[PDB]
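Student: Mind looking over this structure? Questions follow.
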Amino acid sequence: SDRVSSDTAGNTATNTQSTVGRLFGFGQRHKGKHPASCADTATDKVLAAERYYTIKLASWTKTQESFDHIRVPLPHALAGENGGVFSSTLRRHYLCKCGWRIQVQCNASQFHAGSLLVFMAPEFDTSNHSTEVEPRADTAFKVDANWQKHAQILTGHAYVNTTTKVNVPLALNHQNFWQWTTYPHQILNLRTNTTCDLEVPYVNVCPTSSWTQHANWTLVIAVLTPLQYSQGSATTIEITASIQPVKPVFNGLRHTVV
Amino acid sequence: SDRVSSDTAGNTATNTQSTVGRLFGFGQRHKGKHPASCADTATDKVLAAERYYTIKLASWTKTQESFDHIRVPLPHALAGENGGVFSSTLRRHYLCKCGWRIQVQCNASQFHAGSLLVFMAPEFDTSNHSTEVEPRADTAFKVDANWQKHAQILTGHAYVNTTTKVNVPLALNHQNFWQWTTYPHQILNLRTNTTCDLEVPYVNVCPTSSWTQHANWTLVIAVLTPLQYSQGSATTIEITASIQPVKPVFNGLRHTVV
Amino acid sequence: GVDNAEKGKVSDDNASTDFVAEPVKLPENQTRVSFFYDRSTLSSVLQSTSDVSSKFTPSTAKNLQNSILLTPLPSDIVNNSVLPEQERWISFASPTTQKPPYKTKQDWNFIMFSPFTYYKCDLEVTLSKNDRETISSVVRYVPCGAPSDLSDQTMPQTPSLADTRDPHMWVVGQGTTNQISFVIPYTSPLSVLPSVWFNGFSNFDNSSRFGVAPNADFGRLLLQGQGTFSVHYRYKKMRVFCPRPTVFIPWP
Amino acid sequence: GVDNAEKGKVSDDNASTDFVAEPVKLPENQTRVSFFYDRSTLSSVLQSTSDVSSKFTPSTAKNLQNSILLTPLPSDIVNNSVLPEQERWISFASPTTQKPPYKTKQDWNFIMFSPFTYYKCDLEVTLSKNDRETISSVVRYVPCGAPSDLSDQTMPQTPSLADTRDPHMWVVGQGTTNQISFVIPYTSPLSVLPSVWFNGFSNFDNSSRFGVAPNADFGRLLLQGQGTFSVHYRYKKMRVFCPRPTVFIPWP
Amino acid sequence: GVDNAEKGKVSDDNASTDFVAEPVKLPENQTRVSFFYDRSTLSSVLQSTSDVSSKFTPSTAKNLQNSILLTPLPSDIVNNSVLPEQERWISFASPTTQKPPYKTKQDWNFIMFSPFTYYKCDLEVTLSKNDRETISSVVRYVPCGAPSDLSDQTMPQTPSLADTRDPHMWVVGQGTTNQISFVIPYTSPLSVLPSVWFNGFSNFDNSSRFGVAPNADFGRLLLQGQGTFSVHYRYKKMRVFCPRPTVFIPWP
Amino acid sequence: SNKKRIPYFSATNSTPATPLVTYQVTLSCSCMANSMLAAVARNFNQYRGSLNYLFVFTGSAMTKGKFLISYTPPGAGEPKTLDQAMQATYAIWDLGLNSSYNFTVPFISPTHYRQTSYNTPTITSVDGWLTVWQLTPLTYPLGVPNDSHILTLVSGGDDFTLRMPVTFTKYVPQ
């Protein structure tokens, strides 16, 4: 009913029929103001970049447990070729400042059970935790390919070998997921909605970001209640997301990164 | 004196100290209006694309004769990686409409002699003439690597074998260079100026261009008077150009071309 | 007086600038583009050997087809095309002589003198029978890029060319004067037509003949009935854009 | 955006509804029904082998009669009828080829494109001689459903078709141009004519050919004099009612 | 009453919503961020074995350096760095015990309770001598990211740390009370400091230790003179941004 | 599946890496050959304006799912992946209470008018493709047929126009 919602962005448009509204993190929106830390007049209002970029994220199975999650580093998740003009413009600029408008999608049925927590978090560790190796430029800002387990992050994850780990009780990349709900979020309850709509402004340690070195925002999808269904019900349950950079402004035009 | 001129465009700026003014072809400028043939709101006012792209063009030697020339297909000359954000945006759009602001540079000395004709021409044949082979996507819109001779274009150049050429008196790609001066132009006389400044609006058979199939504008540098100098004078005389797409507007956003 | 051609333009002077003289200008307007091109010039020739009441079938005979592509630029059968297409060059009809006639159709006056890159206009077409034998012909006009519809007769003994809603003309009898004339509007999907060259391809895989613009014509004329007919073009409300070089002429 | 086709109709959107776009509408009116159908299209063919000064006698020769039933729909001799009647289907002329011409007369353009159930209009008829031999013919127009009057001559050596008060035309001589044209008003007793099918019978004992409406035509044309003549129809002040499917086209 | 947590937020109710009750709110403001953090908490410890009039030389002794990195987050010698750098994790001092003390320096109260992603504030530092022996020490404060200047004495028998224009303190004598306190302004080139993690690198070749922000501190404190000194931090005009999870606590 | 012509396409509990259907935007598409739009357009030379592609979900009320309908302008060829398709004009269609989705192919052209038909495709007669992808798999409970049928229709949009009356290439009915 009042749950039918359409949202336009450039030459793209998202549509849902089970929305529970859009949550604005910090009650703020990125207004697109130029960073006062740059003298060069920024490149902005690029319609071809102010749109929704949709990508498949993961398959939800009965094996996932509460707090298992998928991470989507930003803006990096869209710095690839599929980032269209947002990407091609980003790659050719030293700095970028922007917010995010996101909708994650996931449908099941009236006979399926389970729920996900969809949230945005600033300075949320996106590094690989299945190794004791130091994170690198090409391994630190990648969209998770597999669901991440939860136990190994409560007290953090030090990039040191297994035997040293014993004398390291806490790492600064710790994430007490029991409170992940304090981050701007929404819940995707299979019985209620098939979409979640969020939007966050630009936050960072500085006016604009040298994105090549920093993924300030992270979109995270964690299961809260495990997926359940009986014999006969659809077994393929997938999660998708439409990500829109809100009024991105670019500074420091230069040759592209490789 | 009044010949010192600076021109800003985005994060670029050209400077000359021997200008003879800027010539506006057809006394018109591209105002950046959206094409009425497209329903989608165009992407425009991209500061990172509204700048001067400078490239080396050719070496001028005593062997060049009157009317030998170098061609610069547009927008193709800048559709490569060195086209910066203008290029990366162009490659991801079906249509593009724009004008051109250009300055070709070439210095010598008070002891050198010779002159060049710098002009812009619409629908000026940019195909390869050193073969009887049909022009292709990757050979039709390339910036000349070598000076083009003049004799083989007065009556055109048919893409047919040498023996058939005998029964083909005229081809539609003919260019009576004796009148090349009827095209918006300027002259680079070594004794007078080291730069030429031109600007042309957008002209074409239609509202906006499917650039992938058409190079509507061509920048041409032809020698009018052969280069001369005595023993001892600098022998390396090179020609350069700063090309700026004037208020380009893009329509039909899509995945990139390869 | 002195000037600087490198500017890109110099003043248009008269005798009074340097000498003790007066301007001698007299009003004149026969140089206006619209007026100059608003007159009929031979631009094509057509030939048919089949009767009116029969099925039209594309044919060629000594470089003459029974259909025409309406364009002042060179047109002819290109690489065994079913109907005439716009050419990119002119060829002699004879493989020996090295002298005209050419095998390609065009308005010689337009090709030899078209100092512009693009043009816009309506087309007044005149079709005349080359001999005094009583005419009996049917002509079909097909708008730029529209279906040629080279189909069979749907009814016995009827001119298939007339079996259409497309504009068509039918002239016959001793009361007629062996000719046809009419005017058609600009029908190309292009805003303006390229007068000489088109620096590009017409399809997305860039496989077409480089140099020829897509749908750069005023349609076509298909004819049936006995006879050879000459064609004239008259450019109505002619408008031209972007000055460009004229065809080179051999040095005397 | 979302909608519900089960309603029976959905909105006509433009790019602005879902995207950042603008309407791009340009004025155009060549799609108006009246304008579209107000042009001559080949719709029939007639043939006669008897002279002007003789008694008109219904004849057939290789599927061509010397009289016509004025209707865009298929018409032909039906079950040995004296004159052509409206058909319910189209047949090939040849029993072998499986290719046109068809033996039935009709306006192919109307049959292939008549997206309406009923229509109303006046009829402009054009009759043209298929060859340049000097014409000498008499044509009789008989209003819809009126007596054909296929009687003998009442006076020696006179065209029997002209022996009427019915509208008739007489063209002859080297001063003529071998054609005839005229416009007739809608004369059917029906308010509007069925454009494709008529789901019923025409008589009270329901013995007629189901599918054909009674008096659904614009009359007939009887012709005498030597020659084969093609016929065109032009629908004046054309009005159509109740949208309906177009003729199906084979899948490419 | 009912609600929908999927919205992202639900109402903050009191007993009156569902029951026959009244709000019971009493004014209170000791929960304000500024007030809460505006108090001194142990955050570091320093140790020196060299006299005042000597050249300062970076040293370590049982996990205690003679210089400090001013940051509430864990700091310590990292991979043989000359001076303490910000750590990414905490380690026990003992390789056996699996019990504190830790070898890394930090404000335990800040680490254990910092429910925000970024913070801004001035720093009030307190330095206290761990025993009652008369103090005789010189401390040098170096702004965030400024040169450490670990140079030689330019003059004989003078404290090299005092050989600077940088803010420095000198306390000595039986009239003193063995402590030093002062407040420094936020000096980092960053607008706000990351309180827990920094999801990125600090250099352009992304070779730094991922997780540590560039220049995320309040400077450093170098000390010379005999003794062990404990350090306290007091966060003045404390401002925090973006709520985030607290350190997890083992289940009772 | 037997090369027979039907007014719908199928979808099920999976997300193919290729589009479920692909329609080239030309009033000449064999795909819309028998639509009223094409039937009328065949008698005109050029068109201009929006095109409306209406999709009606006919699956059960218990079936859910999301489609990504994309319109890719020409120049770089047909989109080969979802990544490419979503880089052009697109709308995400979510199933639910409302049964159909009205998708508009914006009129994006180098020319003001476009040809209705052609001998060989040109930049004035062929305008790209409309592809519908499965964003999320069609999902449903037990006791529901795996295949859902989506009806597909076309028509001119609000600002759609045709011009220049002509006769199309004749053919023999069958």
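By order in the structure tokens, chains are A, B, ...; within a chain, residues start at 1; ligands start at 1, following the order shown.
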Quick one: residues within 10 Å of segment 66-68 of chain C, only C-alpha atoms, excluding same-chain residues fewer than 6 positions away - as JSON, numbers by chain?

Tutor: {"C": [44, 45, 46, 47, 48, 49, 50, 56, 57, 58, 59, 60, 75, 76, 77, 83, 84, 85, 105, 139, 140, 141, 219, 220, 221, 222, 223, 224, 225, 227, 228, 229, 231]}

Student: Pick out the chain A residues within 6 Å of chain B. Count only C-alpha atoms. Give them as a PyMOL selection string.

Tutor: chain A and resi 43+47-48+88

Student: Using only C-alpha atoms, which protein or nucleic acid residues come within 8 Å of segment 161-173 of chain A? Drop anything in the same chain fewer than 3 positions from it, and give the result as a list in words.

Tutor: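 Everything that qualifies: residues 124, 125, 132, 153, 155, 156, 157 and 158 of chain A; 88, 89, 90, 91, 92, 95, 98, 196, 197 and 211 of chain E.
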
Student: Please report as CSV every residue of chain A lying within 9 Å of chain F, along with the nearest atom pair and their distance in Å (one decimal), using only C-alpha atoms.

Tutor:
residue,atom,partner,partner_atom,distance
A:1,CA,F:97,CA,7.9
A:4,CA,F:97,CA,8.8
A:8,CA,F:91,CA,8.8
A:10,CA,F:89,CA,8.5
A:11,CA,F:89,CA,4.8
A:12,CA,F:90,CA,5.0
A:13,CA,F:91,CA,4.7
A:14,CA,F:92,CA,5.0
A:15,CA,F:92,CA,5.6
A:16,CA,F:94,CA,5.2
A:17,CA,F:96,CA,5.8
A:18,CA,F:96,CA,7.9
A:52,CA,F:86,CA,8.4
A:53,CA,F:86,CA,6.6
A:54,CA,F:86,CA,6.4
A:55,CA,F:83,CA,7.1
A:56,CA,F:135,CA,7.5
A:81,CA,F:83,CA,8.6
A:82,CA,F:83,CA,5.5
A:83,CA,F:87,CA,7.8
A:84,CA,F:87,CA,6.0
A:85,CA,F:87,CA,8.8
A:105,CA,F:136,CA,7.7
A:106,CA,F:136,CA,6.9
A:107,CA,F:65,CA,6.0
A:108,CA,F:139,CA,5.1
A:109,CA,F:140,CA,5.1
A:110,CA,F:62,CA,7.1
A:111,CA,F:141,CA,5.5
A:112,CA,F:141,CA,7.3
A:194,CA,F:65,CA,8.8
A:229,CA,F:141,CA,8.2
A:230,CA,F:142,CA,7.6
A:231,CA,F:142,CA,7.1
A:232,CA,F:142,CA,4.2
A:233,CA,F:141,CA,4.1
A:234,CA,F:140,CA,5.4
A:235,CA,F:13,CA,7.7
A:236,CA,F:13,CA,6.1
A:237,CA,F:137,CA,7.0
A:238,CA,F:136,CA,5.9
A:239,CA,F:136,CA,7.0
A:240,CA,F:136,CA,6.9

Student: Write the selection just made, keeping N, CA and C atoms, as a CSV table (one decimal), in the first residue's frame?

Tutor:
chain,number,residue,atom,x,y,z
A,1,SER,N,0.8,-1.2,0.0
A,1,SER,CA,0.0,0.0,0.0
A,1,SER,C,0.9,1.3,0.0
A,4,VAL,N,4.7,0.9,-1.3
A,4,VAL,CA,5.1,0.9,-2.6
A,4,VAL,C,6.0,2.2,-2.8
A,8,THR,N,14.1,7.6,-8.0
A,8,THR,CA,14.9,7.9,-9.2
A,8,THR,C,16.2,8.6,-8.9
A,10,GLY,N,19.3,9.7,-11.7
A,10,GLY,CA,19.8,9.7,-13.1
A,10,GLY,C,18.9,8.9,-14.0
A,11,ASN,N,19.6,8.0,-14.7
A,11,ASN,CA,18.8,7.1,-15.6
A,11,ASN,C,18.5,5.8,-15.0
A,12,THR,N,18.4,5.8,-13.7
A,12,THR,CA,18.1,4.5,-12.9
A,12,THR,C,17.0,4.8,-12.0
A,13,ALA,N,16.3,3.7,-11.5
A,13,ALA,CA,15.2,3.9,-10.6
A,13,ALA,C,15.0,2.5,-9.9
A,14,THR,N,14.9,2.6,-8.6
A,14,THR,CA,14.6,1.4,-7.8
A,14,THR,C,13.1,1.4,-7.4
A,15,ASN,N,12.6,0.2,-7.3
A,15,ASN,CA,11.2,0.0,-6.9
A,15,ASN,C,11.0,-1.1,-6.0
A,16,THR,N,10.2,-0.9,-5.0
A,16,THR,CA,9.9,-1.9,-3.9
A,16,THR,C,8.5,-1.8,-3.6
A,17,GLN,N,7.9,-2.9,-3.1
A,17,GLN,CA,6.5,-3.0,-2.7
A,17,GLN,C,6.3,-3.4,-1.3
A,18,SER,N,7.4,-3.3,-0.5
A,18,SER,CA,7.4,-3.7,0.9
A,18,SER,C,8.3,-2.9,1.7
A,52,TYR,N,22.1,4.8,-9.4
A,52,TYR,CA,22.2,3.6,-8.6
A,52,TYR,C,23.0,2.5,-9.4
A,53,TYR,N,23.9,1.9,-8.7
A,53,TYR,CA,24.8,0.9,-9.3
A,53,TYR,C,24.3,-0.4,-8.6
A,54,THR,N,23.7,-1.3,-9.3
A,54,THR,CA,23.2,-2.5,-8.7
A,54,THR,C,24.2,-3.7,-8.9
A,55,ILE,N,24.4,-4.5,-7.8
A,55,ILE,CA,25.3,-5.6,-7.9
A,55,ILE,C,24.8,-6.8,-7.0
A,56,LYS,N,25.1,-8.0,-7.4
A,56,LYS,CA,24.7,-9.2,-6.6
A,56,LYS,C,25.7,-9.3,-5.5
A,81,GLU,N,35.3,-1.3,-13.1
A,81,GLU,CA,34.7,-0.9,-14.4
A,81,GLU,C,33.2,-0.8,-14.3
A,82,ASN,N,32.6,-1.6,-13.4
A,82,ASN,CA,31.1,-1.6,-13.3
A,82,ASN,C,30.6,-0.3,-12.5
A,83,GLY,N,31.6,0.5,-12.1
A,83,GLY,CA,31.2,1.8,-11.4
A,83,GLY,C,30.9,2.9,-12.4
A,84,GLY,N,30.8,2.5,-13.7
A,84,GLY,CA,30.4,3.5,-14.7
A,84,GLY,C,31.2,4.8,-14.7
A,85,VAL,N,30.5,5.9,-14.9
A,85,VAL,CA,31.2,7.2,-14.9
A,85,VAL,C,31.6,7.6,-13.5
A,105,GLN,N,18.4,-5.7,-1.5
A,105,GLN,CA,17.2,-6.5,-1.8
A,105,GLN,C,17.4,-8.0,-1.5
A,106,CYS,N,16.3,-8.6,-1.1
A,106,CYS,CA,16.3,-10.0,-0.7
A,106,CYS,C,14.9,-10.5,-0.5
A,107,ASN,N,14.3,-11.3,-1.4
A,107,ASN,CA,13.0,-11.9,-1.2
A,107,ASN,C,13.0,-13.4,-0.9
A,108,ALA,N,12.0,-13.8,-0.3
A,108,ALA,CA,11.8,-15.3,0.0
A,108,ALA,C,10.3,-15.5,-0.1
A,109,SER,N,9.6,-15.8,1.0
A,109,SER,CA,8.2,-16.1,0.9
A,109,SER,C,7.5,-16.1,2.2
A,110,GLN,N,6.2,-16.2,2.3
A,110,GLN,CA,5.4,-16.2,3.5
A,110,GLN,C,5.8,-17.4,4.3
A,111,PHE,N,6.4,-18.4,3.7
A,111,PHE,CA,6.7,-19.7,4.3
A,111,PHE,C,8.2,-19.8,4.8
A,112,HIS,N,9.0,-18.8,4.5
A,112,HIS,CA,10.4,-18.8,4.9
A,112,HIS,C,10.5,-18.0,6.1
A,194,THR,N,11.2,-7.0,1.8
A,194,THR,CA,12.2,-7.6,0.9
A,194,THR,C,13.3,-6.6,0.5
A,229,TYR,N,13.3,-22.9,6.2
A,229,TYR,CA,12.2,-23.2,5.3
A,229,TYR,C,12.0,-24.7,5.2
A,230,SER,N,10.8,-25.2,4.8
A,230,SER,CA,10.6,-26.6,4.7
A,230,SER,C,10.8,-27.2,3.3
A,231,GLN,N,10.8,-28.5,3.3
A,231,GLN,CA,11.0,-29.2,2.0
A,231,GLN,C,9.9,-28.8,1.0
A,232,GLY,N,10.4,-28.3,-0.2
A,232,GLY,CA,9.5,-27.9,-1.2
A,232,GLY,C,9.5,-26.4,-1.5
A,233,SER,N,9.9,-25.6,-0.5
A,233,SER,CA,10.0,-24.2,-0.7
A,233,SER,C,11.3,-23.9,-1.5
A,234,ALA,N,11.3,-22.7,-2.2
A,234,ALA,CA,12.4,-22.3,-2.9
A,234,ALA,C,13.7,-22.3,-2.1
A,235,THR,N,14.8,-22.9,-2.6
A,235,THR,CA,16.0,-23.0,-1.8
A,235,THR,C,17.0,-21.9,-2.2
A,236,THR,N,16.9,-21.3,-3.3
A,236,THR,CA,17.8,-20.3,-3.7
A,236,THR,C,17.4,-18.9,-3.2
A,237,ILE,N,18.0,-18.4,-2.2
A,237,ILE,CA,17.7,-17.1,-1.6
A,237,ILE,C,18.9,-16.2,-1.8
A,238,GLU,N,18.8,-15.2,-2.6
A,238,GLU,CA,20.0,-14.3,-2.9
A,238,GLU,C,19.8,-12.9,-2.4
A,239,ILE,N,20.9,-12.2,-2.1
A,239,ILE,CA,20.9,-10.8,-1.6
A,239,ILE,C,21.6,-9.9,-2.7
A,240,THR,N,20.9,-8.8,-2.9
A,240,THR,CA,21.4,-7.8,-3.9
A,240,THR,C,21.4,-6.4,-3.3

Student: Tell me, as a VMD selection string, which residues lie within 6 Å of segment 177-189 of chain D, counting only C-alpha atoms; anything in the same chain fewer than 3 positions away does not count.

Tutor: (chain C and resid 172 to 173 175 to 176) or (chain D and resid 122 to 129 135 144 218)

Student: How would the residues just chosen look if you wrote them out with N, CA, C and O atoms as a tab-separated table (two decimals), in the first residue's frame?

Tutor:
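See result_37.tsv below for the written result:
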chain	number	residue	atom	x	y	z
C	172	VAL	N	-0.70	9.15	-69.17
C	172	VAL	CA	-0.91	8.36	-70.38
C	172	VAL	C	-1.90	9.00	-71.35
C	172	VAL	O	-2.88	9.60	-70.94
C	173	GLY	N	-1.65	8.84	-72.65
C	173	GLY	CA	-2.56	9.38	-73.65
C	173	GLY	C	-2.01	10.45	-74.57
C	173	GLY	O	-0.96	11.04	-74.29
C	175	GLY	N	-3.30	13.24	-75.05
C	175	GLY	CA	-3.68	14.55	-74.54
C	175	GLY	C	-2.57	15.05	-73.63
C	175	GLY	O	-2.49	16.24	-73.34
C	176	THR	N	-1.72	14.13	-73.20
C	176	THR	CA	-0.61	14.47	-72.31
C	176	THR	C	0.54	15.09	-73.10
C	176	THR	O	0.53	15.11	-74.33
D	122	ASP	N	-16.70	9.14	-48.14
D	122	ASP	CA	-17.14	9.36	-49.51
D	122	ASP	C	-16.06	8.67	-50.32
D	122	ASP	O	-14.97	8.42	-49.80
D	123	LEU	N	-16.33	8.36	-51.58
D	123	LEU	CA	-15.34	7.66	-52.37
D	123	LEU	C	-14.91	8.38	-53.64
D	123	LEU	O	-15.73	8.68	-54.51
D	124	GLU	N	-13.62	8.67	-53.74
D	124	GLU	CA	-13.08	9.31	-54.93
D	124	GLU	C	-12.52	8.17	-55.77
D	124	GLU	O	-11.59	7.48	-55.35
D	125	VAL	N	-13.10	7.97	-56.95
D	125	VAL	CA	-12.66	6.89	-57.82
D	125	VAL	C	-11.85	7.40	-59.00
D	125	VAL	O	-12.18	8.43	-59.59
D	126	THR	N	-10.79	6.68	-59.33
D	126	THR	CA	-9.95	7.03	-60.47
D	126	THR	C	-9.86	5.79	-61.35
D	126	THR	O	-9.60	4.68	-60.86
D	127	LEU	N	-10.09	5.97	-62.64
D	127	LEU	CA	-10.06	4.87	-63.59
D	127	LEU	C	-9.05	5.22	-64.68
D	127	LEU	O	-9.19	6.23	-65.36
D	128	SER	N	-8.04	4.37	-64.84
D	128	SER	CA	-6.98	4.61	-65.82
D	128	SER	C	-6.78	3.49	-66.85
D	128	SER	O	-6.75	2.31	-66.50
D	129	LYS	N	-6.62	3.87	-68.12
D	129	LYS	CA	-6.41	2.90	-69.20
D	129	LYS	C	-4.96	2.40	-69.14
D	129	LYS	O	-4.03	3.21	-69.10
D	135	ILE	N	-8.28	6.40	-75.86
D	135	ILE	CA	-9.42	5.87	-75.14
D	135	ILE	C	-10.74	6.21	-75.84
D	135	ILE	O	-10.85	7.20	-76.56
D	144	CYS	N	-25.28	2.33	-54.48
D	144	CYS	CA	-25.36	1.13	-53.66
D	144	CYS	C	-26.74	0.48	-53.63
D	144	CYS	O	-27.71	1.08	-53.18
D	218	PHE	N	-20.25	0.90	-52.12
D	218	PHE	CA	-20.49	2.25	-52.61
D	218	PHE	C	-21.11	2.23	-54.00
D	218	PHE	O	-21.09	3.24	-54.72

Student: Find the spatial neighbours of residue 76 of chain B, counting only C-alpha atoms, within a cut-off of 8 Å - ignore same-chain residues fewer than 5 positions away - and output them as a ChimeraX atom specification.

Tutor: /B:141-142,211,215

Student: Please produce a file of those selected residues containing N, CA and C atoms, as a CSV table (one decimal), in the first residue's frame.

Tutor:
chain,number,residue,atom,x,y,z
B,141,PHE,N,39.7,7.2,-38.1
B,141,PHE,CA,39.7,8.4,-37.2
B,141,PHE,C,41.0,8.5,-36.4
B,142,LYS,N,42.2,8.4,-37.1
B,142,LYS,CA,43.4,8.5,-36.4
B,142,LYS,C,44.2,9.8,-36.7
B,211,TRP,N,29.2,9.7,-32.0
B,211,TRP,CA,30.6,9.8,-32.2
B,211,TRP,C,31.4,8.5,-32.6
B,215,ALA,N,33.4,11.4,-37.1
B,215,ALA,CA,34.3,12.4,-36.7
B,215,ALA,C,34.0,13.6,-37.5

Student: So which residues of segment 9-254 of chain A fall under strand (DSSP E) by DSSP, listed as number ranges by chain?

Tutor: A: 9, 12-16, 22-24, 53-60, 69-74, 93-105, 113-122, 170-171, 185-189, 195-200, 217-228, 237-253

Student: Can you tell me which residues surround residue 178 of chain A at a distance of at most 12 Å, considering only C-alpha atoms, apart from same-chain residues fewer than 4 positions away, and format the answer as a PyMOL selection string?

Tutor: (chain A and resi 66-67+117+150-151+153-154+174+182-183+222+224) or (chain E and resi 244-249+251)

Student: Pick out the residues sitting within 12 Å of residue 101 of chain D, and hand them over as a ChimeraX atom specification; count only C-alpha atoms, and ignore anything fewer than 4 positions along from it in its own chain.

Tutor: /C:54-55,151-160,163 /D:44-45,62-64,90-97,105-106,108 /F:170-172

Student: From a DSSP pass on the backbone, collect the residues of segment 63-129 of chain C flagged as alpha helix (DSSP H) and hand them back as a list in words.

Tutor: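 For segment 63-129 of chain C, the alpha helix (DSSP H) set is residues 108, 109, 110, 111 and 112 of chain C.
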